[PDB]
Amino acid sequence: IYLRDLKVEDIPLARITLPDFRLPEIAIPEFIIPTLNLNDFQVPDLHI
């Protein structure tokens, strides 16, 4: 005839267990610069 018991939460029906806390993995792309050459096409003949 009064307030009900509060231990019902101990019953599995009331449990809310779930996974969480995702994390990412690391993978960084590479950076590249070409092996450029231009002396092949011309070479100065003057003297400085």
# chains A, B, ... in the order shown; residues from 1 in each chain; ligands from 1
>>> select_by_dssp(residues="chain A", states="helix (DSSP H, G or I)", output="mmCIF file with C-alpha atoms, in the first residue's frame")
data_model
loop_
_atom_site.group_PDB
_atom_site.id
_atom_site.type_symbol
_atom_site.label_atom_id
_atom_site.label_comp_id
_atom_site.auth_asym_id
_atom_site.auth_seq_id
_atom_site.Cartn_x
_atom_site.Cartn_y
_atom_site.Cartn_z
ATOM 1 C CA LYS A 7 15.661 -3.237 -6.912
ATOM 2 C CA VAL A 8 13.823 -4.080 -10.152
ATOM 3 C CA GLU A 9 16.772 -2.452 -11.933
ATOM 4 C CA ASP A 10 18.858 -5.476 -10.912
ATOM 5 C CA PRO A 12 18.273 -8.128 -16.582
ATOM 6 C CA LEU A 13 15.184 -6.772 -18.359
ATOM 7 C CA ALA A 14 16.231 -3.305 -17.147
#
